[PDB]
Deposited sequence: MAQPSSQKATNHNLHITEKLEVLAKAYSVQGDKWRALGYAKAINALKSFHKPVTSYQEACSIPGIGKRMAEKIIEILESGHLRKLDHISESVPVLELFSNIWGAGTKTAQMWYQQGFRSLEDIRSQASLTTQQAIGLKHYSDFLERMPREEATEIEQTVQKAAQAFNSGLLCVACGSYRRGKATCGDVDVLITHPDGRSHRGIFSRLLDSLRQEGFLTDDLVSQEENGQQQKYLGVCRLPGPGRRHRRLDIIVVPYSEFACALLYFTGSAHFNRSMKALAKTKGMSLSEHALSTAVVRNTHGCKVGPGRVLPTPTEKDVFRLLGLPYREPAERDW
């Protein structure tokens, strides 16, 4: 798939990112969908009218697209606040979002050294800060493989029947991965229970897990672990690792969800909603139960990812095609 509009999307993304770090999330979501619509266009966009014929692109977006197309630049970029580069730096710290970045900025901080020496940091943020560079670079697929295998071997050592699947960008076939997303379950529908505690303690013992970010181990029904790992050996960097354990009945929906992409997911969930259904990482179900939240819908059994697509009347897409 060749993005015939790279010259466009490249500029649009700078703006999209600017709105994002400033907290203007809905406006930023709009650009993202516009940007993906452009990447998927069969040819390079050649006119305002044609740009408008594309869903996700309105008059405002079309103006910018044509300006970039015809001038090779977007003047709006020259007007982005000088605070944006700083807000981006701060929000690049895992555990710190736009609100925290803003707070730090207002306090006068402008560099990571400022944050290290004077900023108030949450436990997660302190970990995000010390591993800033490690976490910012995307690791080579080869390393993600090693990480995934490390987790699989440690788990299967407890039960060879356990299925361990690297999801996220690794599953979508990317060449580099921002982190490693591992999903675990068991066909018998019960042997997944209790694996969390044993897996984490096992990986901690061998020194693989170096820090925890999100992990409620007081909960035996715990399904997610967000932490930090590091392969043994010389020169290995620290990497983000997410581990999810789910009962077999939720395997298809968990696999679908954690494979993503994030945009592919919210788009698919939105489609589900229009068909009177609701899609979570747990299951596809009938429309959730005046005009208010209450009870979950009835679950629609889905043994495989294909089943989810089928019940949604959507053509099936391999993981590599959910790159959105």
Lining up the deposited sequence with the coordinates, I want the ranges that have no C-alpha atoms. 1 to 8, 298 to 300
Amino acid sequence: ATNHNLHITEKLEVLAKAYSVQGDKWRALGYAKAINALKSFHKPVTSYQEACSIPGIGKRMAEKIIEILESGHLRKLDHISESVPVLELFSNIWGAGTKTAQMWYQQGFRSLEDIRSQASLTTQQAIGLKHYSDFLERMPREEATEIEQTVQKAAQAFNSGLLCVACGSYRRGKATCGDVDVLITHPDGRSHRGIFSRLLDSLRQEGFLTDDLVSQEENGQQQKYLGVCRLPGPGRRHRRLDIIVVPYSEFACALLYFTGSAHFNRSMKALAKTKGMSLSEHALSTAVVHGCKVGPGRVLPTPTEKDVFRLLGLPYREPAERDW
From here on, numbers count along this sequence of modelled residues.
Stretch exceeding the other in mean C-alpha B-factor - 205 to 213, 219 to 227: 219 to 227
If you average the CA temperature factors over each stretch, which comes out higher, 101 to 109 or 246 to 254? 101 to 109
Determine which member of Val289, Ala28, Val299, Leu279 has the highest CA B-factor, using the values in the deposited entry. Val289
Of the residues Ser71, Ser169, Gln149, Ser91, the one carrying the largest Cα B-factor as recorded: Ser71
Considering every modelled residue of the chain and its Cα B-factor in the PDB entry, is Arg75 in the lowest, middle or highest third? highest
How does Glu142 rank on Cα B-factor within its chain, lowest, middle or highest third? middle
Entry-reported C-alpha B-factor of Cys52 relative to its chain, by third, is highest
Looking at the temperature factor on the CA atom of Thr46, which third of the chain's modelled residues does it land in? middle
In terms of the chain's CA B-factor thirds, is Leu271 lowest, middle or highest? middle
